[PDB]
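Below is the structure, and that's it, no one-letter string:
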DNA sequence: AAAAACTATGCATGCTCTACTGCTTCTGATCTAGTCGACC
């Protein structure tokens, strides 16, 4: 689950453990936020999303199971 | 002319540096096996 507050990101796992370090808290650092920041709209300052994280291989252009 | 005093020297001891070689032990780098956390 990802919480976006302006320029602040907070990633939490299924059990509530803080994963923001791995995925990043700000666009300047991380593995997902620096690249997915541009995908958000201008009129979205507060947002909460719940989803799944996978490993996308671009050579096959497909997701790889755990 | 004859006896005594001073100097040359020289060989041996112990110390000191200086190095060389061997053994013992401490430190560091690397490899392998086991363990913990998160998830599903």
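Okay, I see it. Numbers count the residues shown, from 1 in each chain, chains lettered A, B, ... in the order given.

from here on, contacts and neighbour counts on C-alpha atoms
Will do.

Stretch A:12-29 vs DNA strand B: in contact?
Yes: against DNA strand B, stretch A:12-29 shows contacts by Cα under 7 Å from any atom of the strand at A:13-17.

quick check, nearest of those residues to residue A:40?
Among the residues of stretch A:12-29 next to DNA strand B, residue A:13 lies closest to residue A:40 (Cα to Cα), at 21.4 Å.

and residue A:49, how far is that from DNA strand B?
15 Å (Cα to the nearest atom of the strand, to the nearest Å).

Look up the closest residue to that residue, ignoring the ones flanking it.
The shortest distance from residue A:49 to any residue other than its chain neighbours is 5.2 Å, reached at residue A:2 (Cα to Cα, 6 or more residues apart in numbering).

Isn't the one you found up against residue A:13?
No: with contacts counted by Cα atoms under 8 Å, residue A:2 stays clear of residue A:13, the gap being 9.0 Å.

Neighbour count: the two, which is higher?
residue A:2 (18 against 13; other Cα atoms under 10 Å).

Can you name the residues that contact that one?
Shown here is residue A:2, whose contacts under the criterion Cα atoms under 8 Å, 6 or more residues apart in numbering are A:9-12, A:48-50.

and if you look at residue A:13?
Listed by Cα under 8 Å, 6+ apart, the contact partners of residue A:13 are A:1, A:19.

Neighbours of the one residue in chain A that gets nearest to DNA strand B, how many?
Residue nearest to DNA strand B within chain A: residue A:15 (4.1 Å; Cα to the nearest atom of the strand). Other residues near residue A:15 come to 6 when the count uses other Cα under 10 Å.

Repeat that for residue A:11.
Neighbour count for residue A:11, taken as other Cα under 10 Å: 22.

same check, this time on residue A:25
A count of neighbours around residue A:25, defined by other Cα under 10 Å, yields 22.

what helix or strand is the nearest residue in space to it that is not next to it in sequence on?
For residue A:25, ignoring the flanking residues on the chain, the nearest one in space by Cα to Cα, 6+ apart is residue A:9 at 4.5 Å. Here residue A:9, judged by DSSP states H and E, is contained in strand A:8-11.
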